[PDB]
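Heads up, the thing below is written out as structure tokens.
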Amino acid sequence: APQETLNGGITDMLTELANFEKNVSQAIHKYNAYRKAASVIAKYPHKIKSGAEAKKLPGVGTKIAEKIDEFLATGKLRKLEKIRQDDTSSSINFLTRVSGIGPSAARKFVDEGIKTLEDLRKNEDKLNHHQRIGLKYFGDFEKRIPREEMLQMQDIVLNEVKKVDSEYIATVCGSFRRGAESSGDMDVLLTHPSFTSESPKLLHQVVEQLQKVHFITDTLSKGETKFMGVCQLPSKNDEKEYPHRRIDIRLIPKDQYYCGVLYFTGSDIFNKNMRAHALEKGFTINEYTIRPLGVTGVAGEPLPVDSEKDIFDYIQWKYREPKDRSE
DNA sequence: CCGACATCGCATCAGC
DNA sequence: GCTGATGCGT
DNA sequence: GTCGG
Ligand code: NA
Ligand code: NA
Ligand code: NA
Ligand code: NA
Ligand code: NA
Ligand code: NA
């Protein structure tokens with residue numbers, strides 16, 4: 001992990017441009033183009049001396065190379081400086097930090113004069129359920145979660161799930177499963193022997209129980225297979241109350257469980273790489289299954305998977321411990 | 001030059 | 001009432 | 001915005 005002081009000015013620049021493309025210009029692909037350029041440069045173990053040097057990295061093109069040259073020569077970007085001072089654009093960009101408020105809602109709000117969290121408060125009836133919760137926990141949702149709190153959160157989830165039905169299988173994935181010292185949220189993958197690709201209250205009972213012991217505090221969305229909400233650890237005697245945290249609970253069919261555990265454990269860089277390796281081996285891996293590719297390139301039928309190991313075996317790859325899946 | 005860039009559950013809008 | 005499209009986070 | 005058919 002190269003020092004950020006190496007090319008941090010550049011990575012921050014690209015990241016900022018990324019947000020404006022996504023939130024203001026509504027160009028998701030340019031958003032990702034910038035992110036990809038920011039990521040490949042954040043990994044470059046050398047201080048970039050010119051745009052041409054960066055141009056050699058995959059993801060960096062002529063336009064970004066030109067912007068780097070300007071930033072290296074002036075310590076800033078004219079277009080960025082200008083958009084930063086634009087009241088409309090800066091307001092739209094900012095509002096998207098509220099969970100539930102995307103580019104469209106942000107633009108809609110700003111057009112009608114609603115530009116700050118204060119404006120949002122005075123106009124609660126103009127917000128949907130999700131957005132109201134995002135506003136209520138604006139601060140908490142941007143805070144990170146120390147691993148110690150994740151362990152405590154896991155303790156509660158695993159205990160309550162087993163209490164509902166000892167046959168449930170629950171796995172907390174995400175970077176937490178890879179040993180991360182902090183997490184941005186909690187992702188729980190749930191399954192049950194009675195639930196398979198071929199045969200609906202399993203998820204509900206679990207959410208209900210977590211609400212019963214006051215762990216889950218709010219609901220953003222809830223269907224038969226996916227729950228997205230808010231949780232909070234119990235407060236310690238006469239001590240500071242814990243921040244509210246984002247938690248997702250997915251119910252997955254037994255036969256697709258381990259592909260799910262693999263996919264949601266990542267990391268993204270690892271998933272991308274494992275998918276790559278899978279392909280050159282005649283296999284395609286998504287969050288649901290692993291399928292063999294046949295001559296023409298069409299994916300056949302899902303292969304039986306009884307664990308993460310099975311997936312690794314198919315692609316003739318040694319099982320990799322989650323801690324070693326940073327890439 | 002120009003199409004791909006991930007997919008899809010859930011909440012809610014658009015429209016019959 | 002419904003189906004399908006869109007927004008959002010994923 | 002970048003890559004690549
Ligand atoms: Na390049
Ligand atoms: Na948002
Ligand atoms: Na956001
Ligand atoms: Na039991
Ligand atoms: Na999906
Ligand atoms: Na329709």
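Heavy-atom basis, side chains included; hydrogens, waters and symmetry copies ignored. Below, chain A is the first sequence line, B the second, and so on; all start at residue 1.
Considering only the side chain of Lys63(A), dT2(D) comes nearest among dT12(B), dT2(D), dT10(C). Listed nucleotides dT10(C), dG9(B), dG7(C) differ in distance to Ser104(A); the shortest reach to its side chain belongs to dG7(C). Among the nucleotides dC8(B), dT12(B), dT10(C), the one closest to the side chain of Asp248(A) is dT10(C). Each of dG1(D), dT10(C), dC8(C) was ranked by its minimum atom distance to the side chain of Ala105(A); first place goes to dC8(C). Comparing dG9(C), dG9(B), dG1(D) by their nearest atom to the side chain of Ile64(A) picks out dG1(D). Of the candidates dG1(D), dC10(B), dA6(B), the closest approach to any side-chain atom of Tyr34(A) belongs to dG1(D).
Residue note: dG1(C) shows a north-type sugar, the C1'-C2'-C3'-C4' torsion being above zero.
Straight-line distance from the OH atom of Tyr31(A) to the P atom of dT10(C): 11 Å, rounded to whole Å. Distance, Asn271(A) CG to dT10(C) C1': 13 Å, rounded to whole Å. Between the P atom of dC5(B) and the CZ atom of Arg275(A) lies a distance of 12 Å, rounded to the nearest Å. Note: CG (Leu220(A)) to P (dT12(B)) measures 11 Å, nearest angstrom. When rounded to the nearest whole Å, the span between CD1 of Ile133(A) and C1' of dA11(B) equals 14 Å. Spacing between atom NZ of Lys222(A) and atom P of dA11(B) amounts to 9 Å, rounded to whole angstrom units. Atom pair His29(A):NE2 and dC3(D):P shows a separation of 16 Å (rounding to whole Å applied).
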Apply salt bridge (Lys or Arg N to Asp or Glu O under 4.0 Å) to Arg245(A) and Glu149(A), showing your working.
-> CA-CA 10 Å; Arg245(A) 314 294 201 180; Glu149(A) 281 180 45; 2.8 Å; yes
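A 3.5 Å limit on both hydrogen-bonding distances identifies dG1(C) as the Watson-Crick or G-U partner of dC16(B).
Between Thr225(A) and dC10(B) there is a side-chain N or O to OP1 or OP2 distance below 4.0 Å. Put simply, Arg132(A) has no side-chain N or O that comes within less than 4.0 Å of OP1 or OP2 on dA11(B). One finds no side-chain N or O of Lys226(A) lying less than 4.0 angstrom from the OP1 or OP2 phosphate oxygen of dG9(B).
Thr11(A) places a side-chain N or O within donor-acceptor distance of the main-chain N or O of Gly8(A), the cut-off being under 3.5 Å. The main-chain N or O of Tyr242(A) is found under 3.5 Å from a side-chain atom of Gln232(A) such that the two form a donor-acceptor pair.
Between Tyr288(A) and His130(A), the residue anchored closer to the 5' end of DNA chain B is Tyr288(A), taking for each the nucleotide with the nearest heavy atom.
Residue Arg35(A) is out of contact with every strand shown, counting any heavy-atom pair closer than 4.0 Å.
Residue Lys163(A) places its NZ atom among more than 12 non-hydrogen atoms of other residues, nucleotides or ligands, all under 6.0 Å distant.
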